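Participant: Taken in order, the sequence shown gives residues 177 to 204, 226 to 367; the numbers are from the entry's author numbering.
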Amino acid sequence: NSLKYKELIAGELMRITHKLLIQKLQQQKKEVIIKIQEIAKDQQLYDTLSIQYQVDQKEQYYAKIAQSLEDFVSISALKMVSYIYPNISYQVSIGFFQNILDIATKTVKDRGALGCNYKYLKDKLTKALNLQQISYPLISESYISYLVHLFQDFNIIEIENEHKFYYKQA
Ligand SMILES: [Mg+2]
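Below you can see the structure in the form of structure tokens.
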């Protein structure tokens, strides 16, 4: 029930949904529908849910996914269209995720030659979505790295290989 754990779950779900959304668009008519069984096929999601819950059985794994996805419904990123297992599936709002891409693009573009880092972009996305009706952020660090890497694969962003390190003061 911690706010940090909710964010970590929601961020894996954000990536998965965006990944499915982009796959479906390429292979195709107007709407994109994803099954809960397709959302479930991600190792990090399973590993993240396995931190606090027993999700070795599918139904229990699916239950906990449906629970975390209720917040996605209330912010209009998804809409449930089939309710009765084995047919639990959702329509993805293409505007919601395109808006995420518009905001990410503008944030990094306005920085120009100074550029920015992963925290900055995360705070900026979150401030600009302004989803105060949930009470934890949906944007995790792992979702931001997936976006940054996606942008790099489309030649939009160049990632620096330099890192800072510090002497540990005894
Ligand atoms: Mg993620």
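Here a beta-carbon is modelled for each residue, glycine too, at the ideal position from N, C-alpha and C.
(1) So does the region 238 to 247 actually touch the region 182 to 199, counting three or more Cβ pairs closer than 8 angstroms?
(2) What does DSSP give as the partner residue(s) for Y280 in the beta ladder?
(3) Give me, in chain order, the residues of the same chain whose beta-carbon lies closer than 8 angstroms to that of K261; leave out the 5 immediate sequence neighbours on both sides.
(4) In this structure, how does DSSP classify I230 when only helix, strand and coil are distinguished?
(5) Using 7 angstroms as the cut-off, classify the Cβ of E188 as near or not near the heavy atoms of ligand 1, replying yes or no.
(6) Kindly indicate which residue of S273, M277, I341 has the alpha-carbon position closest to the one of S286.
(7) For a test of the three-state rule: what should DSSP assign to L328, helix, strand or coil?
(8) Return the residue from the list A325, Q288, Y282 that minimises the CA-CA distance to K200.
(9) Run the proximity test for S337: is its beta-carbon closer than 7 angstroms to any non-hydrogen atom belonging to ligand 1?
(10) So, with DSSP's three-state summary, where would you put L246?
(11) With which residues is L275 paired in a DSSP beta bridge?
(12) Does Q349 come out as helix, strand or coil in the three-state DSSP assignment?
(13) Report the three-state DSSP secondary structure of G312 (helix, strand or coil).
(14) Suppose you measure from the CA of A310 to the CA of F362; what does that come to, to the nearest Å?
Facilitator: Here's the rundown:
(1) They touch, by the three-pair rule.
(2) For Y280, the beta-bridge partners assigned by DSSP are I285.
(3) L246, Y250, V252, listed in sequence order.
(4) In this structure, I230 counts as strand in the three-state DSSP scheme.
(5) It does: the Cβ of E188 is within 7 angstroms (strictly closer) of some heavy atom of ligand 1.
(6) Comparing Cα-Cα distances from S286 to each of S273, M277, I341, the minimum goes to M277.
(7) Here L328 sits in coil by DSSP.
(8) Closest option to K200, Cα to Cα, is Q288.
(9) For ligand 1, at least one heavy atom lies less than 7 angstroms from the Cβ of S337.
(10) Three-state DSSP puts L246 in a helix.
(11) DSSP, once it has assigned bridges, lists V289 as partnering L275.
(12) Helix.
(13) Reduced to three states, the DSSP call for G312 is coil.
(14) Taking the CA atoms as reference points, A310 sits about 23 angstroms from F362.
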